[PDB]
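Chains as they are written, first to last, in the deposited numbering: chain A, 1 to 258, 265 to 543; chain B, 4 to 258, 264 to 543. All residues carry an ideal CB built from backbone N, CA and C; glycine is no exception.
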Ligand SMILES: CN(Cc1ccccc1)Cc1ccc(COc2ccc3c(CO)cc(=O)oc3c2)cc1
Ligand SMILES: CN(Cc1ccccc1)Cc1ccc(COc2ccc3c(CO)cc(=O)oc3c2)cc1
Ligand SMILES: *[C@@H]1O[C@H](CO)[C@@H](O)[C@H](O)[C@H]1NC(C)=O
Ligand SMILES: *[C@@H]1O[C@H](CO)[C@@H](O)[C@H](O)[C@H]1NC(C)=O
Ligand SMILES: *[C@@H]1O[C@H](CO)[C@@H](O)[C@H](O)[C@H]1NC(C)=O
Ligand SMILES: *[C@@H]1O[C@H](CO)[C@@H](O)[C@H](O)[C@H]1NC(C)=O
């Protein structure tokens, strides 16, 4: 200390930090990167709940991103930016429980609402250091304090032998909760308001946010929630205790481990890469949009199934923003549904469609799988390849995202929550995936964080204006529980989603358009009829 | 003394009557016996051909209508009375009628044979809606309609018994068809161009003559208006026919042997049988009738579904279609919350209760499947939507989707198929507006009743009726409803499995549409059978 930037040195509960002054297109921001919030969950602490980071001495350098939690590296289209942008961009390590903070430069004088980002990645992948989650634009343009944390994924975050001491499960969610607690104690040192904390996340990150809504100890750590293209309810976000026990035991056998304590002791001796090499092999069926190690309904973090909790909980004090992208399902068809590729138009046959439905809803009986096929078939053109391709995408997107959030918006709204719903319909001019995928899963994030404002990124001017609109929507919601701008009047209003009117808005380059019904007919099939059909068969 | 009112058929001489139609006279021969009166020991028995008669038989007047139930729902309301018997009831009722132009045609003329509806429990060829004078006068057709036995007298069956073999009401129709072959040429008709057309149960009967091979040599073309041989109501299994007959016999005090049972039923006055007719249905129902054709293994060698799925229909041309609101008429006959005088705005609970009546064969899960399919999930409680959906459940389940299934199966297996939807509501209709275009109210337009100035139709409805008369008669002449003189687009395309094209019959010009309730009928025809099966 002495000759450095005095506006970049801050003290948190664990010691002193030195941040870095970053350039955003419109000015500087303060960045505090790689702050440790837990003891490294390594060695005998693998699979264990996180322990609070013990204080350090001296000034911790917080100028670069820290390790990415150990995870699978996608190799589907090697070197294709569509896949690589999601891949880890630092070293893989079990030592990975660090978080990041962006604030205005200099730091705000008055307490500023806080946004906490929870990344997605199917609970098997992801990192708070990816370019798509760059908090420098929200920090600079909106004056927000943004926090993002790494949490353990895959086996390290979610392998569970339910009821055991050494692998209780959901420790990846406990990693997230510990970071929320860290924001409670320390974010005031940066100018953030701990009494105005909004969680927002996407895909498994959105499901994570929803699970903090449903867990008691997490509810006192935040005040508002945004769930983008993900829900705690639905077919992929959770598994039963019995099913988590079987996948854990099977993976242990696949890595040579054949009493719970002896089992996890052996797992803790295996190299991390051994666990990643086998995690995908324990799914009960050939499937898309399902992940081996996800939150487990333990009777602890989750006292019951998410479906049961959103049916009975009280959410009057809660404001929630939820939505989907236009083509939630298309991204998943290229990862194992025959007939589908990023390099052709993926015009499939009726036979390929029927095979895809068995993969897309792998829990379905033969009768239930039929019911899906009859509903999604266009009976005036039942063999048309373009419709069959688009229907296969819609089946995956509706089943895993659109109808889960349509269900949760309705439940939360009926339990007294303030809900705002959107559909994101703009395809980025920079998108590298083919046209037939439309607006795929995850490609609204770069607009929420305001990447189009980076002039070196070749977005169009209207995409620059568009991203600024979304940034104001998201930050107005964090500030007020209401995405609408108080100053405005002429701009169309975003009404709350209600059971009586089921209103949502389209998010595209045109002004806000209000629509009614979130795929209402088709989601009645998924949310009301199909669960009753599955009991009978 | 009028020589064109005297015709000799193989049973002897007849004298008809000159009738006044708006454009000119017509020869009408009404009350021609085609069968021995099925009375006494001939009750429930197949018809026997009528024996020759001396002198000039007087064919000037409508004969008795077959003994049947007299509807009492809205007593004296024209909407219900127009279907009630308008001649005396009698088991002595096997007679047919013939309309020809006046003078009787020079060249042989294509014959249309009408088969009335009435749920196989009612109906008569003497109703005003079936007045054949307009088609005979305007289009120069030879029009024939017959009475056939309905209710227990037509279709109560002890399957396998000699005394009550079943389907005798259909045999009544077939005998009248043979009569047309042997005699219509004496009236100027062409026995080599005979077109059957009927509505509702009449349409179903037409479809069963398609599916019964001895009938097939008696006609060349068919029109099925708002009814099919396939579907949930038009037939019953032999086991269910024996159950219903056995319970009616017990209800009228008849107790063992097939022969002993049928004998006692023959000793019962007709009204006794009609009194308990309706109390033998297995469930509380709508659009279900107690005594209908039976899958006997004889007249119908298999279920109509099995027969349309495997038959050879190459040499066949068919016209098929529906009205816009097939099911609305049936709701006011037992569905709580529905009334002719009320607007029938129903609650959701009444809607769930109504679906169990409309699909009486449905398990709890199959009823929930229909409920969730037909609910409008943006307005799941709106009573106007729930009312209109109840009418659509009954209409699609019983008519529209059976029609679409038949049309597709016939077209796929050699037949030439033309399909329509009839969307005009008569300005003279007395049912409430919420019923729309109810089951059976295209008939008056096809027979040309608007051309009668005294019935107060609108002038466009007259032009409309003439268009429909030309579609039907051009179909009878050619197997193609398109006017060969008219040389403009749009033409009426055939219905195929691939394109699924049909036309809308309204006061606007013909409009071609593709897919006859395709998504919803996929539910009824493809999914629901599999569900009911595995439940
Ligand atoms: C590429 N990814 C981009 C993305 C979008 C949004 C948020 C975060 C990342 C979307 C995606 C994810 C997964 C798939 C296929 O499903 C998988 C892939 C890999 C695994 C792995 C690999 O070990 C383990 C597992 O349990 O389940 C998996 C399930 C396709 C597309
Ligand atoms: C009145 N009818 C008018 C009509 C329309 C189209 C063609 C012919 C007649 C349509 C109609 C028919 C039947 C009903 C209700 O269902 C019935 C009514 C009476 C019976 C009877 C009465 O004994 C016996 C039976 O087995 O089943 C029935 C079933 C409602 C509306
Ligand atoms: C698209 O490409 C994949 C992989 O090359 C292939 O399996 C699929 O059949 C292709 N589809 C079409 C319609 O060409
Ligand atoms: C933007 O375009 C320029 C040239 O037009 C190119 O050199 C640059 O790499 C592009 N940037 C991105 C992010 O694609
Ligand atoms: C409509 O009318 C009938 C008889 O007049 C009545 O029983 C029925 O309840 C009415 N419908 C409603 C919704 O009240
Ligand atoms: C037609 O209307 C007139 C009154 O304008 C009436 O006298 C006549 O009876 C009506 N005809 C019929 C068939 O109802």
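In chain A, which residues lie with their C-beta within 7 Å of the C-beta of residue 522 of chain B?
Within the second chain, the letter at position 514 stands for residue 522 of chain B. By Cβ distance, chain A contributes 386.
Run through chain B and tell me which residues come within less than 8 Å of residue 373 of chain A, C-beta to C-beta.
For the purposes of this step, residue 373 of chain A is taken as the residue at position 367 of the first chain. Those are 538, 539 and 542, listed as they occur along chain B.
Please tell me whether residue 17 of chain A has its Cβ less than 8 Å away from any Cβ of chain B.
What you label residue 17 of chain A is simply residue 17 of the first chain in a count that begins at 1. No, because no Cβ of chain B sits closer than 8 Å to the Cβ of residue 17 of chain A.
Quick one: any contact between the region 325-337 of chain B and the region 216-235 of chain B, if contact means 3 or more CB pairs under 8 Å?
yes
Of all Cβ atoms in chain B, is any one closer than 8 Å to the Cβ of residue 322 of chain A?
In the first chain, residue 322 of chain A corresponds to position 316, counting from 1. No, because no Cβ of chain B sits closer than 8 Å to the Cβ of residue 322 of chain A.
Report the neighbours of residue 380 of chain B on chain A: residues whose CB is nearer than 8 Å to its CB, in chain order.
To locate residue 380 of chain B, count along the second chain from 1; it is residue 372. Ordered by position in chain A, the residues that pass the 8 Å Cβ test against residue 380 of chain B are 530, 531, 534 and 535.
Based on Cα-Cα distance, which residue from B/128, B/105, B/108 and B/111 lies nearest to residue 96 of chain B?
Reading the second chain from its first residue, position 93 is the one you call residue 96 of chain B. Per the Cα distances, B/128.
What residues come near ligand 6, if near means a beta carbon less than 5 Å from any of its heavy atoms?
B/463 and B/464
Please name the residue in B/486, B/454 and B/397 whose C-alpha comes closest to that of residue 444 of chain B.
Here residue 444 of chain B is taken as the residue at index 436 of the second chain, counted from 1. The residue with the shortest Cα to Cα distance from residue 444 of chain B is B/397.
Listing by chain order, which chain B residues have their CB less than 7 Å from the CB of residue 260 of chain A?
In this structure residue 260 of chain A is absent; chain A steps straight from 258 to 265.
Leaving aside the five residues before and after residue 291 of chain B along the sequence, list all residues of the same chain whose C-beta is less than 6 Å from its C-beta, in chain order.
Here residue 291 of chain B is taken as the residue at index 283 of the second chain, counted from 1. 368.
In three-state DSSP terms, what is residue 280 of chain B?
Locating residue 280 of chain B in the second chain gives position 272, where the first residue counts as 1. Residue 280 of chain B: helix per DSSP, three-state reduction.
Just to confirm, are residue 11 of chain B and residue 63 of chain B a CB contact at a threshold of 8 Å?
Looking up residue 11 of chain B in the second chain gives position 8. Looking up residue 63 of chain B in the second chain gives position 60. No, these two residues do not count as a Cβ contact at 8 Å.
Using DSSP with H/G/I as helix, E/B as strand and the rest coil, what is residue 428 of chain A?
Counting from one through the first chain, the residue named residue 428 of chain A turns up at place 422. Residue 428 of chain A falls in the strand class under three-state DSSP.
Which residues in chain B have a C-beta closer than 8 Å to the C-beta of residue 376 of chain A? List them in chain order.
Sequence index remark: in the first chain, residue 376 of chain A carries index 370 (1-based). In chain order: 535 and 538.
Rounded Cβ spacing between residue 36 of chain A and residue 98 of chain A (contact assumed at less than 8 Å):
As a first step, residue 36 of chain A is located in the first chain; it is residue number 36 there, counting from the start. As a first step, residue 98 of chain A is located in the first chain; it is residue number 98 there, counting from the start. At roughly 5 Å, the Cβ-Cβ gap stays under 8 Å, so residue 36 of chain A and residue 98 of chain A are in contact.
Just checking residue 345 of chain B against ligand 5 - is the residue's beta carbon closer than 7 Å to any of the ligand's heavy atoms?
Position 337 of the second chain, counted from the start, is the residue given in the question as residue 345 of chain B. Because some heavy atom of ligand 5 lies under 7 Å away, the Cβ of residue 345 of chain B counts as near it: yes.
Between which two residues does the beta strand (DSSP E) carrying residue 100 of chain B extend?
One-based indexing of the second chain puts residue 100 of chain B at position 97. Residues 98-104.
Any heavy atom of ligand 3 within a distance shorter than 7 Å of the CB on residue 441 of chain B?
Within the second chain, numbered from 1, the residue matching residue 441 of chain B stands at position 433. No.
Using only the alpha-carbon positions, how far apart do residue 488 of chain B and residue 426 of chain B sit?
Reading the second chain from its first residue, position 480 is the one you call residue 488 of chain B. Reading the second chain from its first residue, position 418 is the one you call residue 426 of chain B. Going from the Cα of residue 488 of chain B to the Cα of residue 426 of chain B covers about 8 Å.
Between residue 138 of chain A and ligand 5, is the CB less than 7 Å from at least one heavy atom?
Stepping through the first chain from its first residue, residue 138 of chain A is reached at position 138. Not under cutoff, so the answer is no.
Between residue 354 of chain B and ligand 5, is the CB less than 7 Å from at least one heavy atom?
In the second chain, the residue the question calls residue 354 of chain B occupies position 346. Yes, Cβ of residue 354 of chain B sits closer than 7 Å to a heavy atom of ligand 5.
Residue 138 of chain A - containing alpha helix (DSSP H), residue span:
For the purposes of this step, residue 138 of chain A is identified with residue 138 of the first chain, where counting begins at 1. That run of the alpha helix (DSSP H) goes 136-142.
Nearest by alpha-carbon distance to residue 294 of chain B: which of B/169, B/237 and B/200 is it?
Sequence index remark: in the second chain, residue 294 of chain B carries index 286 (1-based). Of the candidates B/169, B/237 and B/200, the one whose C-alpha sits nearest the C-alpha of residue 294 of chain B is B/237.
Does the region 61-81 of chain B come within contact of the region 151-167 of chain B, defined as at least 3 CB pairs closer than 8 Å?
yes
Closest by CA to residue 305 of chain B, which one among B/241, B/252 and B/245?
Against the second chain, residue 305 of chain B aligns to sequence position 297. That would be B/241, whose Cα lies nearest to the Cα of residue 305 of chain B.
Between residue 259 of chain B and chain A, is there a C-beta pair that is closer than 8 Å?
In the structure shown, chain B runs from 258 directly to 264, leaving residue 259 of chain B without coordinates.
So, using beta-carbon positions, are residue 505 of chain A and residue 142 of chain A closer together than 8 Å?
As a working note, residue 505 of chain A is residue 499 in the first chain. As a working note, residue 142 of chain A is residue 142 in the first chain. No, they are not a contact pair.
If we call anything under 8 Å between Cβ atoms a contact, is residue 123 of chain B one with residue 300 of chain B?
The count along the second chain starts at 1 and reaches residue 123 of chain B at position 120. The count along the second chain starts at 1 and reaches residue 300 of chain B at position 292. In contact: residue 123 of chain B and residue 300 of chain B (Cβ atoms closer than 8 Å).
For a contact meaning CB atoms closer than 8 Å, what does residue 369 of chain B contact in chain A?
Start at 1 with the first residue of the second chain, and residue 369 of chain B comes out as number 361. Per Cβ cutoff of 8 Å: no residues; residue 369 of chain B is ~17 Å from chain A at best.
Chain A contact residues for residue 508 of chain B, given Cβ-Cβ distances below 7 Å:
As a first step, residue 508 of chain B is located in the second chain; it is residue number 500 there, counting from the start. The contacting residues are 386.
State buried or exposed for residue 511 of chain A, treating a residue as buried only when at least 16 other CB atoms are found within 10 Å of its CB.
Position 505 of the first chain, counted from the first residue, corresponds to residue 511 of chain A. The residue is buried, with at least 16 neighbouring Cβ atoms inside 10 Å.
If we require 4 or more residues per run, which alpha helix (DSSP H) segments fall completely within the region 323-352 of chain A?
336-339
So, is residue 7 of chain A buried or exposed, given that buried needs 16 or more other C-beta atoms within 10 angstroms?
By 1-based counting over the first chain, the position of residue 7 of chain A is 7. The residue in question, residue 7 of chain A, is exposed, as its Cβ has fewer than 16 Cβ neighbours within 10 Å.
Are any of the Cβ atoms in chain B nearer than 8 Å to that of residue 383 of chain A?
Against the first chain, residue 383 of chain A aligns to sequence position 377. So yes, residue 383 of chain A belongs to the interface.
Buried or exposed, going by whether 16 or more other CB atoms sit within 10 Å of the CB of residue 405 of chain B?
Here residue 405 of chain B refers to the residue found at position 397 when the second chain is read from its first residue. Buried, since its Cβ has 16 or more Cβ neighbours within 10 Å.
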